[PDB]
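To start, the structure itself, in structure tokens.
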Amino acid sequence: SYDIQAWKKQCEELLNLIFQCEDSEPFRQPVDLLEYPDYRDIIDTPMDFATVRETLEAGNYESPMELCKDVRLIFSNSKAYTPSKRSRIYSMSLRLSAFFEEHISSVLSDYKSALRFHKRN
Ligand SMILES: Cc1nc(CCNC(=O)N2CCN(C(=O)c3cccs3)CC2)sc1C
């Protein structure tokens, strides 16, 4: 299964599943800085799933590892901003993280396998 390009469509499809999850609602667009005016005091690098999809479609990811870093930043930003570990929006983050990690594991393994096959000789 040694297609070096296959990760891109696999990531498009997973982003589609994440957009159809009710748990993604708060993470679809960049945070509302009018409702959270202290948000940039806490969070240095905002990230959201629309920004991830646009960066993919622009051809500005070279690997699924770079996409995975930006998705993991959505989740670390939610954990850093939350005033409590039982909060609603943080709770949605944990379920969505578990879903994402379950699905991205094979995408990463197949990509890394394809690159090793390319350099085999
Ligand atoms: C429809 C629409 N949606 C937008 C973005 C909505 N995102 C936020 O407002 N967040 C999500 C990230 N976040 C958190 O993780 C936490 C808050 C509380 C505990 S954690 C802060 C609030 S803008 C727009 C036009």
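With the checklist (1) among the basic types (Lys, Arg); (2) over 21 Å from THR82 (Cα atoms); (3) more than 16 Å from the chain's Cα centre (by Cα) in hand, flag the one item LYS9 doesn't pass.
Condition not satisfied by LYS9: (3).
Here is a list: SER87, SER24. Which entry is in contact with a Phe, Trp or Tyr (Cβ under 7 Å, 6 or more places away or on another chain) and surrounded by 12 or more Cβ atoms within 10 Å (Cβ to Cβ)?
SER24
Which of the residues that make up the stretch 76-101 are touching a residue at least 12 places away in the same chain (Cβ under 8 Å) and within 10 Å of the ligand (Cβ to nearest atom)?
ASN77, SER78, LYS79, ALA80, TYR81, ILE89, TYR90, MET92, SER93, listed by residue number.
Could you please give the count of residues in the stretch 92-102 that are surrounded by fewer than 15 Cβ atoms within 10 Å (Cβ to Cβ) and of a type outside the set (A, V, I, L, M, F, W, C)?
So the answer is 3.
Please work out which one of (1) of a type in the set (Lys, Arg); (2) surrounded by 14 or more Cβ atoms within 10 Å (Cβ to Cβ); (3) more than 24 Å from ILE4 (Cα to Cα) is the condition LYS79 fails and give its number.
(2)
Which of the residues that make up the stretch 32-56 are in contact (Cβ under 8 Å) with a residue 24 or more places away in the chain and over 13 Å from the mean Cα position of the chain (by Cα)?
Filtering the stretch 32-56 for residues in contact (Cβ under 8 Å) with a residue 24 or more places away in the chain gives 36, 39, 42-43, 45-49, 52-53, 56.
If the condition is that a residue be in contact (Cβ under 8 Å) with a residue 24 or more places away in the chain and over 13 Å from the mean Cα position of the chain (by Cα), then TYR36, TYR39, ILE42, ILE43, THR45 are the ones that fit.
Virtual Cβ from ideal backbone geometry, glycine too; neighbours counted across all protein chains shown. Just so you know, all these numbers are worked out from the coordinates, no wet-lab data involved.
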